[PDB]
Every structure is written in structure tokens, then in C-alpha cells.
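Engineer: This is the content of final_3.pdb (PDB, C-alpha atoms):
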ATOM      1  CA  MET P   1      -3.699 -71.040 -43.318  1.00  0.00           C
ATOM      2  CA  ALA P   2      -1.748 -73.412 -41.407  1.00  0.00           C
ATOM      3  CA  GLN P   3      -3.475 -73.661 -38.047  1.00  0.00           C
ATOM      4  CA  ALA P   4      -5.528 -76.875 -37.713  1.00  0.00           C
ATOM      5  CA  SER P   5      -8.737 -77.340 -35.633  1.00  0.00           C
ATOM      6  CA  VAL P   6     -10.593 -80.313 -34.118  1.00  0.00           C
ATOM      7  CA  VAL P   7     -13.365 -81.405 -36.581  1.00  0.00           C
ATOM      8  CA  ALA P   8     -16.090 -84.020 -35.807  1.00  0.00           C
ATOM      9  CA  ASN P   9     -15.183 -87.296 -37.591  1.00  0.00           C
ATOM     10  CA  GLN P  10     -18.712 -88.676 -37.077  1.00  0.00           C
ATOM     11  CA  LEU P  11     -21.946 -87.260 -35.655  1.00  0.00           C
ATOM     12  CA  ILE P  12     -21.408 -86.670 -31.925  1.00  0.00           C
ATOM     13  CA  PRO P  13     -24.809 -86.871 -30.136  1.00  0.00           C
ATOM     14  CA  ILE P  14     -25.693 -84.238 -27.525  1.00  0.00           C
ATOM     15  CA  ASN P  15     -24.185 -85.110 -24.118  1.00  0.00           C
ATOM     16  CA  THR P  16     -21.744 -87.699 -25.572  1.00  0.00           C
ATOM     17  CA  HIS P  17     -18.340 -88.057 -23.810  1.00  0.00           C
ATOM     18  CA  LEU P  18     -15.685 -87.603 -26.498  1.00  0.00           C
ATOM     19  CA  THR P  19     -13.538 -90.515 -27.698  1.00  0.00           C
ATOM     20  CA  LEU P  20     -10.501 -90.395 -30.006  1.00  0.00           C
ATOM     21  CA  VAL P  21     -12.342 -91.879 -33.066  1.00  0.00           C
ATOM     22  CA  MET P  22     -14.700 -88.845 -32.989  1.00  0.00           C
ATOM     23  CA  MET P  23     -12.059 -86.170 -33.549  1.00  0.00           C
ATOM     24  CA  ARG P  24      -9.936 -85.403 -36.565  1.00  0.00           C
ATOM     25  CA  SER P  25      -7.583 -82.516 -37.358  1.00  0.00           C
ATOM     26  CA  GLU P  26      -8.252 -80.237 -40.293  1.00  0.00           C
ATOM     27  CA  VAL P  27      -7.419 -76.697 -41.411  1.00  0.00           C
ATOM     28  CA  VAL P  28     -10.817 -74.974 -41.413  1.00  0.00           C
ATOM     29  CA  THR P  29     -12.273 -71.444 -41.094  1.00  0.00           C
ATOM     30  CA  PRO P  30     -13.431 -70.223 -38.553  1.00  0.00           C
ATOM     31  CA  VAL P  31     -10.781 -71.834 -36.374  1.00  0.00           C
ATOM     32  CA  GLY P  32     -12.083 -73.842 -33.403  1.00  0.00           C
ATOM     33  CA  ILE P  33     -10.302 -75.756 -30.625  1.00  0.00           C
ATOM     34  CA  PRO P  34      -6.672 -76.292 -31.762  1.00  0.00           C
ATOM     35  CA  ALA P  35      -5.973 -79.805 -33.042  1.00  0.00           C
ATOM     36  CA  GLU P  36      -3.105 -80.126 -30.444  1.00  0.00           C
ATOM     37  CA  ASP P  37      -5.729 -80.251 -27.726  1.00  0.00           C
ATOM     38  CA  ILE P  38      -7.466 -83.534 -28.941  1.00  0.00           C
ATOM     39  CA  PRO P  39      -5.639 -85.407 -25.995  1.00  0.00           C
ATOM     40  CA  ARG P  40      -7.173 -82.992 -23.455  1.00  0.00           C
ATOM     41  CA  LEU P  41     -10.702 -83.494 -24.845  1.00  0.00           C
ATOM     42  CA  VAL P  42     -11.072 -87.267 -24.338  1.00  0.00           C
ATOM     43  CA  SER P  43     -13.863 -87.993 -21.874  1.00  0.00           C
ATOM     44  CA  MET P  44     -15.237 -84.449 -21.925  1.00  0.00           C
ATOM     45  CA  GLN P  45     -18.909 -83.969 -22.808  1.00  0.00           C
ATOM     46  CA  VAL P  46     -20.342 -81.936 -25.625  1.00  0.00           C
ATOM     47  CA  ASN P  47     -23.398 -79.819 -24.810  1.00  0.00           C
ATOM     48  CA  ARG P  48     -25.071 -79.935 -28.263  1.00  0.00           C
ATOM     49  CA  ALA P  49     -25.164 -82.298 -31.217  1.00  0.00           C
ATOM     50  CA  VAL P  50     -22.051 -81.898 -33.423  1.00  0.00           C
ATOM     51  CA  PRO P  51     -22.698 -83.032 -37.073  1.00  0.00           C
ATOM     52  CA  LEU P  52     -20.059 -84.860 -39.117  1.00  0.00           C
ATOM     53  CA  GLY P  53     -17.514 -82.348 -40.471  1.00  0.00           C
ATOM     54  CA  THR P  54     -18.308 -79.514 -38.010  1.00  0.00           C
ATOM     55  CA  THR P  55     -15.590 -77.621 -36.193  1.00  0.00           C
ATOM     56  CA  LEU P  56     -15.595 -78.199 -32.446  1.00  0.00           C
ATOM     57  CA  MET P  57     -15.680 -74.795 -30.720  1.00  0.00           C
ATOM     58  CA  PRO P  58     -14.721 -73.986 -27.039  1.00  0.00           C
ATOM     59  CA  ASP P  59     -18.357 -73.297 -26.100  1.00  0.00           C
ATOM     60  CA  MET P  60     -19.509 -76.738 -27.309  1.00  0.00           C
ATOM     61  CA  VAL P  61     -17.486 -78.703 -24.707  1.00  0.00           C
ATOM     62  CA  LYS P  62     -18.560 -78.779 -21.052  1.00  0.00           C
ATOM     63  CA  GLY P  63     -15.749 -77.807 -18.747  1.00  0.00           C
ATOM     64  CA  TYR P  64     -13.396 -76.681 -21.529  1.00  0.00           C
ATOM     65  CA  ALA P  65     -11.005 -73.775 -20.911  1.00  0.00           C
ATOM     66  CA  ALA P  66      -7.733 -73.547 -22.943  1.00  0.00           C
TER      67      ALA P  66
END
I'd like the structure from this file rewritten - as C-alpha cells, please.

Structural biologist:
Amino acid sequence: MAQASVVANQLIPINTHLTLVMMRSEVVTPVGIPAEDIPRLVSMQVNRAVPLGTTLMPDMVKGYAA
């Protein structure tokens, strides 16, 4: 279990616009947004609070479609 996902590298407050320091890559289960997409995600807004260490899922990012 080689597929990596985007994982919150710090708490991301509700309605924050994502920056690069907020997102790390990690192999986790369930799988969330693919780690390759971290470029695409900068400046997009999360619609709920994302605690440190939680996998970022498609439904947590406003406007995301992969």
C-alpha cells in the first residue's frame, strides 16, 4: 500500500485557503486526495476544520473535482 494521500500537516481552520506548508504526503487508509494533486489544491478553500494528521478527502475542498 503504495498510493499516497494528502494529509493535513497542521490544523487547517474551517474556510482556510490551502497553502503548501499545510499539506504533506503520506500512505494512509482510507485513501483521500492523491498526493500528486497538492499543486492543484493551493488556494482552494476547505469547508470544515481539518485536524493535524487527517486525510484530506474530495468532499472537504470547495470546488474540488479530480

Engineer: Do a neighbour search on residue P:32 at 8 Å with only C-alpha atoms, toss out local chain neighbours closer than 4 positions, and write the hits as a PyMOL selection string.

Structural biologist: chain P and resi 5-6+55-58

Engineer: Applied to this file, what does the PyMOL selection byres ((chain P and resi 9) around 10) return in terms of residues, put as JSON, numbers by chain?

Structural biologist: {"P": [6, 7, 8, 10, 11, 12, 20, 21, 22, 23, 24, 25, 50, 51, 52, 53, 54, 55]}

Engineer: Extract, using only C-alpha atoms, all DNA, RNA and protein residues at most 7 Å from residue P:61, discarding same-chain residues fewer than 6 positions from it, and format them as an MDAnalysis selection string.

Structural biologist: chainID P and resid 44:47

Engineer: Could you take the residues named above and write them with C-alpha atoms, as a PDB file, in the frame of the given file?

Structural biologist:
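Wrote selection.pdb, looks like this:
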ATOM      1  CA  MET P  44     -15.237 -84.449 -21.925  1.00  0.00           C
ATOM      2  CA  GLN P  45     -18.909 -83.969 -22.808  1.00  0.00           C
ATOM      3  CA  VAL P  46     -20.342 -81.936 -25.625  1.00  0.00           C
ATOM      4  CA  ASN P  47     -23.398 -79.819 -24.810  1.00  0.00           C
TER       5      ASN P  47
END

Engineer: I'd like the interatomic distance between atom CA of residue P:19 and atom CA of residue P:41, to a tenth of an Å.

Structural biologist: 8.1 Å

Engineer: I'd like to know which of P:40, P:35, P:2, P:30 is closest to residue P:18, using all atoms listed in the file.

Structural biologist: P:40

Engineer: Within 10 Å of (-2.0, -73.8, -40.4) (file coordinates; all atoms listed in the file), which protein or nucleic acid residues are there? I'd like them as a ChimeraX atom specification.

Structural biologist: /P:1-5,26-28,31

Engineer: Would you compute the box with edges along x, y and z of the file around stretch 51-66 of chain P, including every atom the file lists for it and 3 Å extra on each side, and give its centre and edge lengths in Å to one decimal, as lines of an AutoDock Vina configuration file?

Structural biologist:
center_x = -15.2
center_y = -79.1
center_z = -29.6
size_x = 21.0
size_y = 17.6
size_z = 27.7

Engineer: As a check of understanding, name the residues that the PyMOL selection byres ((chain P and resi 66) around 9) selects in the supplied structure, as an MDAnalysis selection string.

Structural biologist: chainID P and resid 33 37 58 64:65

Engineer: Kindly save the residues from that selection, with C-alpha atoms included, as a PDB file, keeping the file's coordinate frame.

Structural biologist:
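The resulting file, again17.pdb, is shown below:
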ATOM      1  CA  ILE P  33     -10.302 -75.756 -30.625  1.00  0.00           C
ATOM      2  CA  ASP P  37      -5.729 -80.251 -27.726  1.00  0.00           C
ATOM      3  CA  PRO P  58     -14.721 -73.986 -27.039  1.00  0.00           C
ATOM      4  CA  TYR P  64     -13.396 -76.681 -21.529  1.00  0.00           C
ATOM      5  CA  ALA P  65     -11.005 -73.775 -20.911  1.00  0.00           C
TER       6      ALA P  65
END
